[PDB]
file final34.cif (mmCIF, N, CA and C atoms)
data_input
loop_
_atom_site.label_atom_id
_atom_site.label_comp_id
_atom_site.auth_asym_id
_atom_site.auth_seq_id
_atom_site.Cartn_x
_atom_site.Cartn_y
_atom_site.Cartn_z
N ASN X 5 90.21 101.99 117.79
CA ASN X 5 90.83 100.98 118.65
C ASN X 5 92.31 100.76 118.37
N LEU X 6 92.73 101.07 117.15
CA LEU X 6 94.15 101.10 116.80
C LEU X 6 94.79 102.33 117.43
N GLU X 7 93.94 103.25 117.85
CA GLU X 7 94.39 104.55 118.33
C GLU X 7 95.18 104.45 119.63
N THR X 8 95.13 103.29 120.26
CA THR X 8 95.81 103.07 121.54
C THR X 8 97.25 102.56 121.37
N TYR X 9 97.75 102.55 120.13
CA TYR X 9 99.10 102.04 119.87
C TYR X 9 99.95 103.20 119.38
N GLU X 10 101.21 103.25 119.81
CA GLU X 10 102.11 104.37 119.48
C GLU X 10 102.37 104.53 117.98
N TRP X 11 102.28 103.43 117.25
CA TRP X 11 102.71 103.40 115.86
C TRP X 11 101.59 103.78 114.90
N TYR X 12 100.37 103.87 115.42
CA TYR X 12 99.22 104.22 114.60
C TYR X 12 99.07 105.71 114.35
N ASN X 13 99.32 106.13 113.11
CA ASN X 13 99.24 107.55 112.77
C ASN X 13 98.12 107.89 111.82
N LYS X 14 97.06 107.08 111.86
CA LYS X 14 95.76 107.38 111.27
C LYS X 14 95.76 108.16 109.96
N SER X 15 95.76 109.49 110.08
CA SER X 15 95.47 110.38 108.97
C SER X 15 96.68 110.85 108.15
N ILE X 16 97.84 110.95 108.79
CA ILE X 16 98.98 111.68 108.22
C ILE X 16 99.44 111.25 106.82
N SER X 17 99.90 112.24 106.06
CA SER X 17 100.26 112.05 104.67
C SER X 17 101.58 111.29 104.53
N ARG X 18 101.76 110.68 103.36
CA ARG X 18 102.98 109.96 103.06
C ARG X 18 104.21 110.83 103.28
N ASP X 19 104.14 112.07 102.81
CA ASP X 19 105.32 112.92 102.86
C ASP X 19 105.76 113.27 104.28
N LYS X 20 104.83 113.68 105.14
CA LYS X 20 105.18 113.95 106.54
C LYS X 20 105.54 112.67 107.33
N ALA X 21 104.95 111.54 106.94
CA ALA X 21 105.37 110.25 107.47
C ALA X 21 106.86 110.05 107.17
N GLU X 22 107.25 110.32 105.93
CA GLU X 22 108.65 110.17 105.52
C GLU X 22 109.57 111.12 106.29
N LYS X 23 109.16 112.38 106.43
CA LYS X 23 109.94 113.37 107.21
C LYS X 23 110.15 112.97 108.67
N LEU X 24 109.05 112.65 109.37
CA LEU X 24 109.08 112.08 110.72
C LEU X 24 110.02 110.87 110.87
N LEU X 25 109.92 109.90 109.96
CA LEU X 25 110.77 108.71 110.02
C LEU X 25 112.25 109.00 109.73
N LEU X 26 112.53 109.91 108.79
CA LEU X 26 113.91 110.27 108.46
C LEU X 26 114.62 110.92 109.65
N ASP X 27 113.91 111.83 110.32
CA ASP X 27 114.44 112.59 111.45
C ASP X 27 114.90 111.74 112.61
N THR X 28 114.17 110.66 112.89
CA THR X 28 114.53 109.73 113.96
C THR X 28 115.92 109.17 113.72
N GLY X 29 116.18 108.77 112.47
CA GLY X 29 117.47 108.23 112.08
C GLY X 29 117.73 106.83 112.63
N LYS X 30 116.73 106.27 113.30
CA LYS X 30 116.89 104.95 113.90
C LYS X 30 116.45 103.86 112.95
N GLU X 31 117.25 102.81 112.88
CA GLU X 31 116.95 101.66 112.05
C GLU X 31 115.64 101.00 112.53
N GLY X 32 114.70 100.82 111.61
CA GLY X 32 113.46 100.15 111.92
C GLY X 32 112.50 101.02 112.69
N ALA X 33 112.63 102.34 112.52
CA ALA X 33 111.60 103.26 112.97
C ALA X 33 110.43 103.04 112.03
N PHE X 34 109.22 103.07 112.57
CA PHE X 34 108.08 102.77 111.75
C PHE X 34 106.80 103.37 112.27
N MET X 35 105.77 103.26 111.45
CA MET X 35 104.51 103.87 111.74
C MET X 35 103.48 103.15 110.89
N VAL X 36 102.27 102.99 111.40
CA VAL X 36 101.18 102.48 110.57
C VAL X 36 100.23 103.63 110.27
N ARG X 37 99.92 103.87 109.00
CA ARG X 37 98.93 104.89 108.68
C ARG X 37 97.78 104.30 107.88
N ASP X 38 96.80 105.13 107.51
CA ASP X 38 95.67 104.66 106.71
C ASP X 38 95.95 104.71 105.20
N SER X 39 95.29 103.82 104.47
CA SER X 39 95.43 103.74 103.02
C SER X 39 94.14 104.20 102.35
N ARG X 40 94.14 104.21 101.02
CA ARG X 40 92.98 104.64 100.22
C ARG X 40 91.71 103.93 100.63
N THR X 41 91.71 102.60 100.53
CA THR X 41 90.52 101.85 100.87
C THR X 41 90.54 101.46 102.33
N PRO X 42 89.37 101.54 102.99
CA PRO X 42 89.18 101.08 104.37
C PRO X 42 89.43 99.58 104.52
N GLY X 43 90.03 99.18 105.64
CA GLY X 43 90.45 97.80 105.82
C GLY X 43 91.88 97.62 105.37
N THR X 44 92.38 98.59 104.62
CA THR X 44 93.76 98.56 104.16
C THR X 44 94.61 99.61 104.89
N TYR X 45 95.81 99.22 105.30
CA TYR X 45 96.72 100.14 105.97
C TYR X 45 98.06 100.17 105.29
N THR X 46 98.95 101.03 105.77
CA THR X 46 100.28 101.15 105.19
C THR X 46 101.34 101.21 106.25
N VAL X 47 102.29 100.28 106.20
CA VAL X 47 103.43 100.39 107.09
C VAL X 47 104.56 101.11 106.39
N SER X 48 105.21 102.00 107.12
CA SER X 48 106.31 102.78 106.59
C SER X 48 107.53 102.63 107.50
N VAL X 49 108.60 102.08 106.96
CA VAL X 49 109.78 101.79 107.77
C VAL X 49 111.05 102.48 107.29
N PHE X 50 111.72 103.14 108.23
CA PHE X 50 113.06 103.67 108.02
C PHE X 50 114.09 102.54 107.96
N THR X 51 115.03 102.64 107.03
CA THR X 51 116.09 101.64 106.90
C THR X 51 117.34 102.28 106.30
N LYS X 52 118.52 101.83 106.72
CA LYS X 52 119.75 102.14 106.00
C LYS X 52 120.37 100.86 105.46
N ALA X 53 119.71 100.23 104.49
CA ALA X 53 120.24 99.01 103.89
C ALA X 53 120.86 99.37 102.54
N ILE X 54 120.00 99.57 101.56
CA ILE X 54 120.42 99.88 100.20
C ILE X 54 121.07 101.26 100.09
N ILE X 55 122.39 101.33 100.30
CA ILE X 55 123.10 102.56 99.99
C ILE X 55 122.98 102.82 98.50
N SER X 56 122.14 103.79 98.18
CA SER X 56 121.99 104.28 96.84
C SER X 56 121.77 105.77 97.05
N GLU X 57 122.67 106.35 97.84
CA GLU X 57 122.42 107.58 98.59
C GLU X 57 121.36 107.30 99.65
N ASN X 58 121.82 106.72 100.75
CA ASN X 58 120.99 106.44 101.91
C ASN X 58 120.17 107.64 102.39
N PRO X 59 119.11 107.39 103.17
CA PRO X 59 118.48 106.09 103.42
C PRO X 59 117.15 105.99 102.68
N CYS X 60 116.43 104.91 102.94
CA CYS X 60 115.16 104.68 102.27
C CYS X 60 114.03 104.52 103.28
N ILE X 61 112.84 104.97 102.91
CA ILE X 61 111.65 104.60 103.65
C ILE X 61 110.88 103.63 102.78
N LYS X 62 110.62 102.44 103.30
CA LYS X 62 109.82 101.47 102.56
C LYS X 62 108.37 101.53 103.00
N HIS X 63 107.47 101.38 102.04
CA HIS X 63 106.04 101.35 102.32
C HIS X 63 105.45 100.00 102.00
N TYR X 64 104.66 99.45 102.91
CA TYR X 64 104.04 98.17 102.64
C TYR X 64 102.54 98.27 102.79
N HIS X 65 101.82 97.46 102.03
CA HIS X 65 100.38 97.39 102.20
C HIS X 65 100.07 96.36 103.25
N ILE X 66 99.04 96.61 104.03
CA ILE X 66 98.42 95.60 104.87
C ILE X 66 96.99 95.40 104.34
N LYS X 67 96.78 94.34 103.57
CA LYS X 67 95.45 94.01 103.08
C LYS X 67 94.69 93.19 104.11
N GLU X 68 93.37 93.15 103.98
CA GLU X 68 92.60 92.20 104.75
C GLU X 68 91.97 91.14 103.85
N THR X 69 91.52 90.05 104.46
CA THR X 69 90.92 88.95 103.74
C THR X 69 89.41 89.13 103.67
N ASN X 70 88.72 88.19 103.01
CA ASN X 70 87.26 88.16 103.07
C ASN X 70 86.82 86.99 103.95
N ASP X 71 87.20 87.06 105.22
CA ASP X 71 86.99 85.96 106.16
C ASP X 71 85.89 86.25 107.15
N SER X 72 85.66 85.27 108.02
CA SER X 72 84.90 85.46 109.24
C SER X 72 85.81 85.05 110.40
N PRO X 73 86.13 85.99 111.30
CA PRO X 73 85.68 87.39 111.22
C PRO X 73 86.45 88.21 110.17
N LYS X 74 87.78 88.11 110.16
CA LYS X 74 88.62 88.91 109.26
C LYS X 74 90.07 88.66 109.58
N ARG X 75 90.91 88.53 108.56
CA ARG X 75 92.35 88.41 108.79
C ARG X 75 93.19 89.41 108.00
N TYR X 76 94.45 89.55 108.38
CA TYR X 76 95.26 90.64 107.84
C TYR X 76 96.61 90.12 107.44
N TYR X 77 97.13 90.66 106.35
CA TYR X 77 98.42 90.24 105.87
C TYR X 77 99.16 91.35 105.12
N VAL X 78 100.47 91.23 105.12
CA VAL X 78 101.34 92.14 104.42
C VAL X 78 101.48 91.68 102.99
N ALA X 79 101.29 92.60 102.05
CA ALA X 79 101.32 92.28 100.63
C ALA X 79 101.76 93.52 99.86
N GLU X 80 102.09 93.35 98.59
CA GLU X 80 102.32 94.51 97.73
C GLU X 80 101.02 95.18 97.35
N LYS X 81 101.15 96.44 96.95
CA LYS X 81 100.04 97.29 96.54
C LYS X 81 99.41 96.82 95.22
N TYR X 82 100.10 95.92 94.51
CA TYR X 82 99.70 95.49 93.16
C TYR X 82 99.36 94.00 92.96
N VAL X 83 98.42 93.74 92.05
CA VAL X 83 98.16 92.39 91.57
C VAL X 83 98.50 92.38 90.08
N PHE X 84 98.80 91.19 89.54
CA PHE X 84 99.18 91.05 88.13
C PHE X 84 98.34 90.00 87.39
N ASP X 85 98.13 90.22 86.09
CA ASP X 85 97.41 89.28 85.21
C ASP X 85 98.19 87.99 85.02
N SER X 86 99.49 88.03 85.30
CA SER X 86 100.38 86.95 84.95
C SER X 86 101.58 86.94 85.87
N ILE X 87 102.05 85.76 86.23
CA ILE X 87 103.34 85.62 86.92
C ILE X 87 104.56 86.17 86.14
N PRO X 88 104.63 85.90 84.82
CA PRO X 88 105.70 86.53 84.03
C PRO X 88 105.69 88.06 84.07
N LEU X 89 104.50 88.65 83.97
CA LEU X 89 104.37 90.10 84.10
C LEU X 89 104.70 90.60 85.50
N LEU X 90 104.39 89.79 86.51
CA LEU X 90 104.73 90.15 87.89
C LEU X 90 106.27 90.12 88.08
N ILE X 91 106.90 89.11 87.49
CA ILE X 91 108.35 88.99 87.43
C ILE X 91 108.96 90.14 86.63
N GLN X 92 108.42 90.37 85.44
CA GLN X 92 108.88 91.43 84.55
C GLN X 92 108.97 92.74 85.31
N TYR X 93 107.86 93.12 85.93
CA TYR X 93 107.77 94.29 86.80
C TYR X 93 108.94 94.39 87.79
N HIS X 94 109.28 93.28 88.44
CA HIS X 94 110.22 93.33 89.55
C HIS X 94 111.66 93.30 89.12
N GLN X 95 111.87 93.20 87.82
CA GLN X 95 113.20 93.34 87.26
C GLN X 95 113.65 94.79 87.30
N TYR X 96 112.69 95.69 87.09
CA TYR X 96 112.96 97.12 87.00
C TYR X 96 112.56 97.91 88.26
N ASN X 97 111.67 97.33 89.06
CA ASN X 97 111.18 97.99 90.27
C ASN X 97 111.30 97.07 91.48
N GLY X 98 111.94 97.57 92.53
CA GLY X 98 112.12 96.78 93.73
C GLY X 98 110.80 96.26 94.29
N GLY X 99 109.80 97.13 94.29
CA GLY X 99 108.49 96.80 94.82
C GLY X 99 108.58 96.54 96.31
N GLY X 100 107.88 95.50 96.77
CA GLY X 100 107.98 95.08 98.15
C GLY X 100 109.20 94.22 98.45
N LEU X 101 110.09 94.07 97.46
CA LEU X 101 111.28 93.21 97.59
C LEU X 101 112.56 93.98 97.95
N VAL X 102 113.51 93.30 98.61
CA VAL X 102 114.76 93.95 99.03
C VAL X 102 115.69 94.41 97.89
N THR X 103 115.60 93.79 96.72
CA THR X 103 116.63 94.04 95.72
C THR X 103 116.22 94.07 94.25
N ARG X 104 115.04 93.54 93.92
CA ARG X 104 114.61 93.46 92.51
C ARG X 104 115.43 92.48 91.65
N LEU X 105 114.73 91.84 90.72
CA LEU X 105 115.14 90.58 90.07
C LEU X 105 116.05 90.74 88.84
N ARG X 106 117.35 90.79 89.09
CA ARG X 106 118.32 91.14 88.06
C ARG X 106 118.80 89.96 87.20
N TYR X 107 118.79 88.75 87.77
CA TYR X 107 119.49 87.62 87.16
C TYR X 107 118.82 86.24 87.42
N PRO X 108 118.13 85.68 86.40
CA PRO X 108 117.52 84.35 86.59
C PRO X 108 118.58 83.26 86.67
N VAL X 109 118.35 82.29 87.55
CA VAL X 109 119.21 81.12 87.57
C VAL X 109 118.38 79.85 87.32
N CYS X 110 118.88 79.00 86.40
CA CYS X 110 118.28 77.69 86.14
C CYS X 110 119.14 76.64 86.79
N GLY X 111 118.52 75.83 87.64
CA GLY X 111 119.22 74.81 88.40
C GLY X 111 119.21 73.41 87.79
N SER X 112 118.77 73.28 86.54
CA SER X 112 118.94 72.04 85.79
C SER X 112 120.42 71.71 85.80
N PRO X 113 120.76 70.45 86.11
CA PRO X 113 122.19 70.14 86.29
C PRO X 113 123.00 70.33 85.00
N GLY X 114 124.19 70.88 85.14
CA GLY X 114 125.09 71.05 84.02
C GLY X 114 124.68 72.09 82.99
N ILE X 115 123.68 72.93 83.32
CA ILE X 115 123.14 73.92 82.39
C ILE X 115 123.83 75.27 82.56
N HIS X 116 124.00 75.96 81.44
CA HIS X 116 124.64 77.27 81.45
C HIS X 116 123.99 78.17 80.41
N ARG X 117 124.27 79.46 80.53
CA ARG X 117 123.58 80.45 79.74
C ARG X 117 124.27 80.72 78.40
N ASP X 118 123.46 81.20 77.45
CA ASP X 118 123.90 81.75 76.16
C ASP X 118 124.73 80.78 75.31
#

call {"tool": "encode", "arguments": {"input": "final34.cif", "output": "structure tokens"}}
result
Amino acid sequence: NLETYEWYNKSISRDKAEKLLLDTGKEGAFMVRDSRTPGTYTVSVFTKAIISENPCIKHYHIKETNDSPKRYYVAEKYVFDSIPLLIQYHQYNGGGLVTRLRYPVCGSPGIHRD
């Protein structure tokens, strides 16, 4: 039933998804494909934001809930035992985020670092 939408690419591999999206060269070119577990999908989007030798294809998970009937949401591929560990992770890896967490700020008034 997803098969009736232009963006649904069912079976295709990550690598050919990336090739197809790169070739378009259009900002916000995208495709939905299938993920490892059923009920889970993957959005893949072309972007020229982060010049780090442009461009990038971002991949997102679409998880489902345990509802009646069922709901869907965009989330990262990962869960963490701890918020600090989830933060730790995102200092070194962008993940589902635009930039990754380089610099904590404390907003207690009159406070400064080191």

call {"tool": "resolve_selection", "arguments": {"input": "final34.cif", "expression": "the PyMOL selection byres ((chain X and resi 58-74) around 5)", "output": "PyMOL selection string"}}
result
chain X and resi 43-52+55-57+75-79

call {"tool": "resolve_selection", "arguments": {"input": "final34.cif", "expression": "the PyMOL selection byres ((chain X and resi 33) around 8)", "output": "list in words"}}
result
residues 24, 25, 26, 28, 29, 30, 31, 32, 34, 35, 48, 49, 50 and 51 of chain X

call {"tool": "select_by_dssp", "arguments": {"input": "final34.cif", "residues": "range 50-114 of chain X", "states": "strand (DSSP E)", "output": "PyMOL selection string"}}
result
chain X and resi 50-51+60-68+76-79

call {"tool": "axis_aligned_box", "arguments": {"input": "final34.cif", "around": "range 93-104 of chain X", "padding_each_side": "3 Å", "output": "JSON"}}
result
{"center_x": 112.2, "center_y": 95.2, "center_z": 92.5, "size_x": 14.9, "size_y": 11.5, "size_z": 19.1}

call {"tool": "select_by_dssp", "arguments": {"input": "final34.cif", "residues": "chain X", "states": "helix (DSSP H, G or I)", "output": "JSON, numbers by chain"}}
result
{"X": [6, 7, 8, 18, 19, 20, 21, 22, 23, 24, 25, 26, 27, 28, 87, 88, 89, 90, 91, 92, 93, 94, 95, 96]}

call {"tool": "residues_around", "arguments": {"input": "final34.cif", "residues": "range 7-20 of chain X", "least_positions_apart": "2", "cutoff": "5 Å", "atoms": "only N, CA and C atoms", "output": "list in words"}}
result
residues 5, 22, 23, 24, 35, 36, 37 and 38 of chain X

call {"tool": "atom_distance", "arguments": {"input": "final34.cif", "atom1": "CA of residue 118 in chain X", "atom2": "atom C of residue 85 in chain X"}}
result
27.9 Å

call {"tool": "atom_distance", "arguments": {"input": "final34.cif", "atom1": "CA of residue 106 in chain X", "atom2": "CA of residue 87 in chain X"}}
result
16.0 Å

call {"tool": "atom_distance", "arguments": {"input": "final34.cif", "atom1": "CA of residue 53 in chain X", "atom2": "atom C of residue 102 in chain X"}}
result
8.8 Å

call {"tool": "decode", "arguments": {"input": "final34.cif", "residues": "range 87-111 of chain X", "atoms": "N, CA, C and O atoms", "output": "PDB file, in the first residue's frame"}}
result
ATOM      1  N   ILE X  87      21.050   9.056  29.732  1.00  0.00           N
ATOM      2  CA  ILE X  87      21.142  10.363  29.067  1.00  0.00           C
ATOM      3  C   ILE X  87      22.585  10.908  28.913  1.00  0.00           C
ATOM      4  O   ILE X  87      22.946  11.423  27.849  1.00  0.00           O
ATOM      5  N   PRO X  88      23.417  10.786  29.966  1.00  0.00           N
ATOM      6  CA  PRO X  88      24.829  11.166  29.797  1.00  0.00           C
ATOM      7  C   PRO X  88      25.554  10.405  28.683  1.00  0.00           C
ATOM      8  O   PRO X  88      26.305  11.009  27.917  1.00  0.00           O
ATOM      9  N   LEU X  89      25.317   9.098  28.599  1.00  0.00           N
ATOM     10  CA  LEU X  89      25.880   8.293  27.517  1.00  0.00           C
ATOM     11  C   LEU X  89      25.301   8.661  26.156  1.00  0.00           C
ATOM     12  O   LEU X  89      25.993   8.577  25.147  1.00  0.00           O
ATOM     13  N   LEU X  90      24.028   9.057  26.129  1.00  0.00           N
ATOM     14  CA  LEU X  90      23.400   9.499  24.884  1.00  0.00           C
ATOM     15  C   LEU X  90      24.023  10.836  24.424  1.00  0.00           C
ATOM     16  O   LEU X  90      24.272  11.048  23.235  1.00  0.00           O
ATOM     17  N   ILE X  91      24.260  11.722  25.388  1.00  0.00           N
ATOM     18  CA  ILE X  91      24.973  12.974  25.170  1.00  0.00           C
ATOM     19  C   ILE X  91      26.415  12.715  24.742  1.00  0.00           C
ATOM     20  O   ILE X  91      26.882  13.272  23.745  1.00  0.00           O
ATOM     21  N   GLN X  92      27.101  11.858  25.497  1.00  0.00           N
ATOM     22  CA  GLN X  92      28.487  11.498  25.222  1.00  0.00           C
ATOM     23  C   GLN X  92      28.647  11.109  23.765  1.00  0.00           C
ATOM     24  O   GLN X  92      29.469  11.690  23.043  1.00  0.00           O
ATOM     25  N   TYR X  93      27.836  10.138  23.344  1.00  0.00           N
ATOM     26  CA  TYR X  93      27.759   9.694  21.956  1.00  0.00           C
ATOM     27  C   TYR X  93      27.693  10.858  20.951  1.00  0.00           C
ATOM     28  O   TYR X  93      28.385  10.856  19.931  1.00  0.00           O
ATOM     29  N   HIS X  94      26.856  11.848  21.239  1.00  0.00           N
ATOM     30  CA  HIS X  94      26.565  12.877  20.244  1.00  0.00           C
ATOM     31  C   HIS X  94      27.585  13.991  20.215  1.00  0.00           C
ATOM     32  O   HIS X  94      27.499  14.906  19.402  1.00  0.00           O
ATOM     33  N   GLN X  95      28.561  13.893  21.103  1.00  0.00           N
ATOM     34  CA  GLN X  95      29.692  14.797  21.067  1.00  0.00           C
ATOM     35  C   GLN X  95      30.612  14.453  19.902  1.00  0.00           C
ATOM     36  O   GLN X  95      31.148  15.333  19.243  1.00  0.00           O
ATOM     37  N   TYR X  96      30.725  13.164  19.621  1.00  0.00           N
ATOM     38  CA  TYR X  96      31.628  12.649  18.600  1.00  0.00           C
ATOM     39  C   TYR X  96      30.931  12.229  17.306  1.00  0.00           C
ATOM     40  O   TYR X  96      31.575  12.129  16.257  1.00  0.00           O
ATOM     41  N   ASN X  97      29.625  11.969  17.387  1.00  0.00           N
ATOM     42  CA  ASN X  97      28.851  11.534  16.230  1.00  0.00           C
ATOM     43  C   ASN X  97      27.598  12.381  16.055  1.00  0.00           C
ATOM     44  O   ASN X  97      26.812  12.545  16.992  1.00  0.00           O
ATOM     45  N   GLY X  98      27.424  12.924  14.853  1.00  0.00           N
ATOM     46  CA  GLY X  98      26.272  13.758  14.575  1.00  0.00           C
ATOM     47  C   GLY X  98      24.957  13.057  14.879  1.00  0.00           C
ATOM     48  O   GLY X  98      24.039  13.652  15.463  1.00  0.00           O
ATOM     49  N   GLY X  99      24.883  11.784  14.494  1.00  0.00           N
ATOM     50  CA  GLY X  99      23.683  10.991  14.681  1.00  0.00           C
ATOM     51  C   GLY X  99      22.546  11.559  13.859  1.00  0.00           C
ATOM     52  O   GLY X  99      22.743  11.962  12.708  1.00  0.00           O
ATOM     53  N   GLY X 100      21.357  11.602  14.453  1.00  0.00           N
ATOM     54  CA  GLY X 100      20.219  12.233  13.815  1.00  0.00           C
ATOM     55  C   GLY X 100      20.204  13.750  13.944  1.00  0.00           C
ATOM     56  O   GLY X 100      19.235  14.386  13.536  1.00  0.00           O
ATOM     57  N   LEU X 101      21.275  14.328  14.496  1.00  0.00           N
ATOM     58  CA  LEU X 101      21.353  15.774  14.748  1.00  0.00           C
ATOM     59  C   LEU X 101      22.120  16.546  13.665  1.00  0.00           C
ATOM     60  O   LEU X 101      23.003  15.993  13.016  1.00  0.00           O
ATOM     61  N   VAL X 102      21.800  17.829  13.490  1.00  0.00           N
ATOM     62  CA  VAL X 102      22.454  18.654  12.459  1.00  0.00           C
ATOM     63  C   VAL X 102      23.958  18.916  12.669  1.00  0.00           C
ATOM     64  O   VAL X 102      24.681  19.159  11.700  1.00  0.00           O
ATOM     65  N   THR X 103      24.438  18.867  13.910  1.00  0.00           N
ATOM     66  CA  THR X 103      25.783  19.359  14.160  1.00  0.00           C
ATOM     67  C   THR X 103      26.629  18.644  15.209  1.00  0.00           C
ATOM     68  O   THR X 103      27.852  18.844  15.229  1.00  0.00           O
ATOM     69  N   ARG X 104      26.007  17.847  16.080  1.00  0.00           N
ATOM     70  CA  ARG X 104      26.749  17.186  17.167  1.00  0.00           C
ATOM     71  C   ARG X 104      27.288  18.152  18.242  1.00  0.00           C
ATOM     72  O   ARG X 104      27.707  19.278  17.963  1.00  0.00           O
ATOM     73  N   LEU X 105      27.269  17.661  19.479  1.00  0.00           N
ATOM     74  CA  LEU X 105      27.314  18.469  20.707  1.00  0.00           C
ATOM     75  C   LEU X 105      28.722  18.847  21.203  1.00  0.00           C
ATOM     76  O   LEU X 105      29.315  18.165  22.050  1.00  0.00           O
ATOM     77  N   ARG X 106      29.229  19.967  20.699  1.00  0.00           N
ATOM     78  CA  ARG X 106      30.623  20.348  20.906  1.00  0.00           C
ATOM     79  C   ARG X 106      30.881  21.131  22.207  1.00  0.00           C
ATOM     80  O   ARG X 106      31.976  21.057  22.778  1.00  0.00           O
ATOM     81  N   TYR X 107      29.873  21.858  22.688  1.00  0.00           N
ATOM     82  CA  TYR X 107      30.095  22.859  23.735  1.00  0.00           C
ATOM     83  C   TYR X 107      28.901  23.055  24.700  1.00  0.00           C
ATOM     84  O   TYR X 107      27.907  23.700  24.331  1.00  0.00           O
ATOM     85  N   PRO X 108      28.993  22.513  25.935  1.00  0.00           N
ATOM     86  CA  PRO X 108      27.891  22.718  26.895  1.00  0.00           C
ATOM     87  C   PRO X 108      27.825  24.156  27.372  1.00  0.00           C
ATOM     88  O   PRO X 108      28.863  24.797  27.578  1.00  0.00           O
ATOM     89  N   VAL X 109      26.608  24.666  27.534  1.00  0.00           N
ATOM     90  CA  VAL X 109      26.445  25.968  28.149  1.00  0.00           C
ATOM     91  C   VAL X 109      25.581  25.847  29.414  1.00  0.00           C
ATOM     92  O   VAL X 109      24.549  25.152  29.411  1.00  0.00           O
ATOM     93  N   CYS X 110      26.055  26.464  30.508  1.00  0.00           N
ATOM     94  CA  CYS X 110      25.291  26.556  31.758  1.00  0.00           C
ATOM     95  C   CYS X 110      24.746  27.959  31.875  1.00  0.00           C
ATOM     96  O   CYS X 110      25.498  28.931  31.824  1.00  0.00           O
ATOM     97  N   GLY X 111      23.429  28.051  32.021  1.00  0.00           N
ATOM     98  CA  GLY X 111      22.737  29.324  32.090  1.00  0.00           C
ATOM     99  C   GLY X 111      22.468  29.865  33.487  1.00  0.00           C
ATOM    100  O   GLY X 111      21.695  30.813  33.624  1.00  0.00           O
TER     101      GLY X 111
END
